[PDB]
Amino acid sequence: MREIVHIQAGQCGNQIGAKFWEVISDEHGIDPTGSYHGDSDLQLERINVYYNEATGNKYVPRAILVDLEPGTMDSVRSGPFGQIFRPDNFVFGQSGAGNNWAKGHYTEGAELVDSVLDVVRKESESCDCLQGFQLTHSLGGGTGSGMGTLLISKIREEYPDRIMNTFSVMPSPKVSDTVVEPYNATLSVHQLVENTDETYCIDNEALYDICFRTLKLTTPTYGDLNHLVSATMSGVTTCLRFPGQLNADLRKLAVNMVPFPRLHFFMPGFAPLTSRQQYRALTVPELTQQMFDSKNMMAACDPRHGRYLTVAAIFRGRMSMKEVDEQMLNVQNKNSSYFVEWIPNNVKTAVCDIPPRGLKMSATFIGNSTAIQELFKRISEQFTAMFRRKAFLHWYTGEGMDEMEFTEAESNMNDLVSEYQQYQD
Amino acid sequence: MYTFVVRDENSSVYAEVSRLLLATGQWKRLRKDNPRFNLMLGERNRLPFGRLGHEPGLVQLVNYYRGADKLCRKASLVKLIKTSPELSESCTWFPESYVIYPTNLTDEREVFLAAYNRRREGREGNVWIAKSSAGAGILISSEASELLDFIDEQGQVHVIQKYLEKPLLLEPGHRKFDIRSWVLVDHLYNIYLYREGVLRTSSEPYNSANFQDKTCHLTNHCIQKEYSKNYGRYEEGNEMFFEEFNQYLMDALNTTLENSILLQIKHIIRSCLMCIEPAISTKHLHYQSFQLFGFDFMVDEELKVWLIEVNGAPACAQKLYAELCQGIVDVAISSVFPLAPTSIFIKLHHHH
Amino acid sequence: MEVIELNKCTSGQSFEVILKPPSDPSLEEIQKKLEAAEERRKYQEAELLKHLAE
Amino acid sequence: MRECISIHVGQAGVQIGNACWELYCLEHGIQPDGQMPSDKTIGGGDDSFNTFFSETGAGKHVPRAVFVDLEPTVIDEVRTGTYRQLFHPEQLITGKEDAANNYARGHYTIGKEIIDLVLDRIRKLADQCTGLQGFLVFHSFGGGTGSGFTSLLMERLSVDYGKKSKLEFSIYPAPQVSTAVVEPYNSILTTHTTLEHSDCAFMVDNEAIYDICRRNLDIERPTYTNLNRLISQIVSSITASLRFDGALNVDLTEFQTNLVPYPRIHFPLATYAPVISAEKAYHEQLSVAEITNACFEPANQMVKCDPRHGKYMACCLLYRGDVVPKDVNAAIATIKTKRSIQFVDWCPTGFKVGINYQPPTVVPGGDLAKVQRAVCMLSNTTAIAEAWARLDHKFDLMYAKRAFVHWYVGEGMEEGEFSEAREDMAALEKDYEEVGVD
Ligand SMILES: Nc1nc2c(ncn2[C@@H]2O[C@H](COP(=O)(O)OP(=O)(O)OP(=O)(O)O)[C@@H](O)[C@H]2O)c(=O)[nH]1
Ligand SMILES: Nc1ncnc2c1ncn2[C@@H]1O[C@H](COP(=O)(O)OP(=O)(O)CP(=O)(O)O)[C@@H](O)[C@H]1O
Ligand SMILES: Nc1nc2c(ncn2[C@@H]2O[C@H](COP(=O)(O)OP(=O)(O)O)[C@@H](O)[C@H]2O)c(=O)[nH]1
Ligand SMILES: CCC(=O)Nc1ccc(C)cc1O
Ligand SMILES: [Ca+2]
Ligand SMILES: [Ca+2]
Ligand SMILES: [Ca+2]
Ligand SMILES: [Mg+2]
Ligand SMILES: [Mg+2]
Ligand SMILES: [Mg+2]
């Protein structure tokens with residue numbers, strides 16, 4: 001009984017969180033009303049990891065929906081699986097955050113955080129043995145970014161020895177809502193450096209490029225981007241949600257993926273990624289070749305520009321476990337220059353018999369690569385282009401912040417960039 | 001795509017093999033400390049055999065046979081011959097040798113003197129030669145007092161063996177020489193002899209009444225090119241190859257290189273390598289070995305061949321680097337890692 | 001090649017063949033290490049809480 | 001009769017313990033419910049099998065064993081498995097969250113809070129013994145529990161049972177069946193703190209067991225079940241002398257006398273033959289010479305290494321099945337004339353031979369075939385130091401960059417314990433070289 005507590009915060013966080021529970025609920029055979037209707041016991045073996053068992057054999061997600069405005073969560077409550085969530089687990093305000101990190105972290109958000117912690121504390125007091133938490137949110141807005149990282153700071157204070165995991169959508173000027181997203185993202189990153197054990201970095205530009213160039217979607221929508229996040233979130237959590245010889249909990253994964261405390265930002269990937277030639281069978285070599293291809297990576301970072309500290313690959317479906325080992329060893333033994341040679345056997349593989357909905361097999365990629373410094377360099381450059389002229393700062397100083405806090409965020413992330421640079425050589 | 005690592009930058013041989021390997025576009029060189037390799041061109045001393053063959057999915061190959069030092073060390077070779085029944089102490093192709101430890105440190109001091117006093121009493125030729133592995137340091141003398149006293153001044157194990165007082169001399173010149181044979185043993189323990197040998201000749205007339213001047217007695221390529229005044233006079237670089245040497249044996253001695261010399265050389269090579277096969281074979285091992293050997297032979301005026309020593313990290317003659325190194329890639333490397341003749345070797349069949 | 005110390009019973013036997021002759025911390029100290037490490041954990045967490053207090 | 005208590009720590013220890021007690025029962029004629037029809041003494045007796053089994057008044061033969069794991073998933077299989085009836089609940093000790101492959105977590109953070117509970121359960125078994133010999137401790141090198149908590153247990157056992165022998169069955173880490181990267185840290189940390197507390201340790205390298213399963217048993221991708229059933233055969237061959245009538249290795253003390261002349265060098269190499277596939281049509285039964293000669297082939301060693309390039313300090317031959325002393329001595333003579341067996345000059349060149357007439361028992365439906373004779377050779381070779389070197393080299397690679405060190409320091413361990421443990425291994429490697437090399 002190693003329970004996980006899910007928190008989704010803000011527009012992006014709740015919309016991506018929604019699809020996530022939609023994808024895995026289908027995998028575990030849970031219908032929109034919470035009733036199970038699968039045909040395999042493997043669907044229920046680890047069901048309590050993400051679901052609470054209610055009366056009448058009902059399964060209720062262990063999720064907390066947080067936002068500073070009602071809109072998005074009214075959408076979820078009316079969405080496909082909206083009825084599946086615990087009504088008391090909706091915590092929201094009316095003011096909004098106006099895409100303002102200071103509003104989510106210092107003013108509007110501070111007024112609502114205690115009530116969110118009351119629901120978090122409630123879900124935890126009922127866990128037989130809590131592994132830790134996972135948060136879905138964007139860093140470019142105000143609620144998921146500012147209040148999300150405030151939540152993390154207070155959860156680490158009340159649960160200092162629990163694992164804190166996040167799926168963090170990183171802003172991109174090509175898929176942007178406001179010009180202040182680099183401000184909000186730079187401020188959040190430092191919070192994550194300090195108070196998360198693992199952060200899956202999801203770049204909206206990588207999601208966009210994949211939808212446009214690979215999936216051949218002329219005009220991607222946030223919905224299309226969220227399908228990729230859904231599938232990816234389902235992939236990285238397969239080991240947690242299904243039985244297998246791995247027997248891995250959050251702290252075991254972190255212990256083998258994070259050689260240095262601050263360098264815990266991961267590049268996720270997924271394969272296959274096919275446009276609608278969609279019924280073709282995908283061989284293990286093809287699966288492996290794509291999984292390691294940069295075009296299948298969602299951090300919009302070229303791995304060949306850095307080096308992998310650790311890699312974790314999860315294969316789903318009935319396939320040749322012998323044939324997997326061969327192709328995995330083939331990728332390593334054919335590109336060993338991109339793996340640090342001072343971490344022996346830093347590429348691990350795990351299999352799972354149950355494939356995602358509508359796929360004979362698939363592979364999810366989880367990489368701790370120094371190339372992720374390119375992502376933080378982009379953000380840092382966009383931050384500095386505005387901060388050097390103090391552009392748009394009045395939105396933040398009006399909430400009680402000072403320029404000094406911005407200069408420190410700037411320096412905190414340029415230190416992070418440098419830390420990745422030393423381990424790349 | 002195959003991968004290899006280079007851990008011996010001083011090896012002129014495998015510097016060429018590495019060059020050839022990359023020229024195939026199917027071999028990729030890695031940093032010298034990367035464990036994920038197919039082929040290791042390892043160091044000479046303290047090669048970590050224990051770390052080989054433990055990478056999942058990689059067939060790993062190394063260019064040194066673990067345990068071959070027993071054959072390529074002066075004292076070790078003597079001990080191996082005198083203790084191994086396959087060679088026995090009555091081995092007819094190895095000069096009467098003795099292992100002598102300096103008195104500042106088993107040892108064959110009294111056994112040597114017993115045979116020495118016997119030779120001195122029987123009017124026989126009693127000239128011995130003292131040498132060691134720590135040399136560039138050699139002494140030739142007919143008095144047992146000079147040989148022993150020379151070893152005590154040192155601090156490493158030495159070997160005293162019978163000096164061939166009747167060596168075969170080439171004409172014109174009246175000069176001594178030795179024969180270098182290159183032997184390649186692959187992972188399956190096939191023994192291949194390079195068809196091309198080299199004679200390292202002395203450009204000075206052999207003088208039996210003066211072992212003090214070691215320029216006409218030592219045929220080392222470095223001694224002739226530094227202390228001899230007739231270097232490069234009779235043949236380029238004091239190196240006579242088989243084609244020339246065979247034609248000489250026919251005009252002068254009315255015999256061939258195959259009959260008069262090569263049969264004894266091929267016999268000695270088999271006897272040495274077969275002797276230690278059970279000790280160094282990698283047949284059922286988690287990794288695979290192959291090694292290039294350089295045998296040094298002597299020929300006396302009776303056309304009898306003697307073994308001088310075995311070199312575990314030999315060099316090649318400049319003219320033979322291309323043919324030999326290519327041959328190494330063919331039978332030793334591509335035989336295990338194939339790529340996408342008239343062999344230059346002479347396979348010495350044997351029973352495994 | 002000599003066989004020595006032959007012992008036989010209903011379920012087997014044993015013997016020795018010779019081919020050639022030859023030529024702590026107290027309970028007090030363990031608790032100190034366990035408590036000293038628990039003290040370094042408490043100190044590190046105290047600094048984490050102090051950090052979150054600031 | 002003197003009792004032996006078996007302790008299984010962590011997942012590897014527990015799953016291997018499960019496979020051994022399954023085999024022990026099939027060997028002694030004990031049924032899953034604990035009954036033993038051939039035991040005419042009901043609820044008592046000082047027979048050889050009683051060293052590993054106590055007896056209740058109801059005729060139940062209960063293993064003298066304790067299972068310890070910081071998380072319950074693995075031990076729950078024991079509670080509901082085929083032999084759930086053998087044990088009672090006090091013997092199965094489970095926490096609620098494991099050590100996350102973190103030595104410091106198993107040894108310090110979690111170990112401190114559960115050690116006294118485990119010692120109390122062991123004390124209960126001890127109180128049933130009229131003459132306890134000592135303990136057999138099964139654990140992995142890689143796990144946080146098997147490494148961190150085991151070393152803690154060994155330190156306390158030396159305090160609570162000073163005069164008792166302690167043997168180990170340790171699983172050496174192999175990447176083919178592991179997703180952990182920090183196992184070199186854990187292995188070296190646990191070897192450093194356990195070294196002075198273990199009288200004799202039998203290391204099994206998962207890489208070796210893995211290759212034997214794929215090569216001899218034709219298992220393309222062996223499972224922990226395949227690995228453990230083969231491991232419990234070697235374990236059984238080693239402990240049979242304690243559970244059956246005999247005169248060689250009759251008590252734990254004899255393992256140190258016969259196999260460990262130098263205390264620190266207490267890691268004998270195990271070699272087992274024959275291992276034949278059950279699915280095979282029908283194999284030609286190998287002779288005494290052929291299986292004995294197989295004991296000097298690296299392919300059937302529990303740790304891959306080259307004994308030809310080390311010196312032997314001791315050598316036992318443990319035969320099971322149709323074997324008579326005449327045949328053994330004939331094969332030994334034939335092997336000395338063909339093999340490179342170098343003994344250290346300060347040790348006799350010989351072989352202690354034990355024969356048990358009952359051939360190896362195989363689990364029905366298992367992977368191994370029934371053979372008429374089998375042998376396990378226990379040899380103390382300096383060649384096994386290749387395993388320490390491999391492991392110490394991987395340690396050096398990560399520790400030079402302090403990779404993952406923060407996870408250990410964060411659980412209360414001091415960084416200086418890494419180097420203190422490493423320097424001990426450098427001294428252990430130097431001992432082997434001083435003994436084996438000229
Ligand atoms: N041969 C064999 N090896 C195993 C088995 N289970 C785990 N291992 C090995 O043990 C190492 C992992 O350590 P574990 O024993 O699983 O961990 P643990 O002792 O339970 O400690 P925790 O970290 O708290 O889980 C890896 O090298 C595995 O290959 C098993 O059943 N048989
Ligand atoms: N017993 C002996 N009788 C006659 N000459 C001998 C001899 N031992 C050595 N030599 C002479 O010494 C030379 C080889 O010496 P040796 O091989 O022992 O030194 P070395 O090993 O440093 C040279 P290399 O290893 O390059 O072949 C030969 O040319 C030979 O003429
Ligand atoms: N992938 C994805 N990104 C989104 C979505 N909605 C908003 N974003 C991104 O999130 C950032 C805006 O944050 P948002 O969640 O709207 O602000 P918040 O509600 O205050 O937390 C911008 O970078 C958007 O591009 C979504 O549904 N999917
Ligand atoms: C940080 C950006 C920001 O604050 N934006 C913003 C704009 C208008 C109003 C009314 C409120 C707002 O919050
Ligand atoms: Ca207000
Ligand atoms: Ca009884
Ligand atoms: Ca003790
Ligand atoms: Mg928005
Ligand atoms: Mg030499
Ligand atoms: Mg465990």
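For the numbers below, each heavy atom of this structure counts, side chains included, while hydrogens, waters and symmetry mates do not. Residue numbers begin at 1 in each chain, while the letters A, B, ... track the order of the sequences.
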**Message:** Suppose we screen for side-chain contact (heavy atoms from CB on, under 4.5 Å). Which residues come up paired with D/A289, at least two apart in sequence or across chains?
**Reply:** D/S287, D/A331
**Prompt:** For D/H309, is it the side chain, the backbone, both, or neither that has a heavy atom closer than 4.5 Å to a heavy atom of chain B?
**Reply:** both
**Complete:** Residues of residues 34-43 of chain B with a heavy atom under 4.5 Å from any heavy atom of chain D, in residue-number order, are none
**Prompt:** For B/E89, does the CD atom have more than 12 heavy-atom neighbours from other residues, nucleotides or ligands under 6.0 Å away?
**Reply:** no
**Message:** Counting only heavy atoms not in B/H349 (residues, nucleotides, ligands), do more than 12 fall under 6.0 Å from its NE2?
**Reply:** no
**Message:** Quick check against the 3.5 Å criterion: does D/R308 have a side-chain atom that pairs as donor or acceptor with the backbone of B/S281?
**Reply:** yes
**Asked** Got more than 12 heavy atoms from elsewhere within 6.0 Å of CD, D/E220?
**Response** no
**Asked** Is the NZ atom of B/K266 crowded by more than 12 outside heavy atoms at less than 6.0 Å?
**Response** yes
**Message:** For a 4.5 angstrom cut-off between non-hydrogen side-chain atoms, does B/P48 reach D/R390?
**Reply:** no
**Other residues, nucleotides, ligands: >12 heavy atoms within 6.0 Å of B/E110 CD** = no
**Request:** Could you pull out the closest heavy-atom pair between D/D306 and B/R66, with the gap in Å?
**Result:** CB-NH1, 3.7 Å
**Request:** Check the surroundings of atom NZ in D/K336: do more than 12 heavy atoms from other residues, nucleotides or ligands lie under 6.0 Å from it?
**Result:** yes
**Message:** Tell me which one of D/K394, D/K304, D/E386 satisfies side-chain contact (heavy atoms from CB on, under 4.5 Å) with B/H54.
**Reply:** D/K304
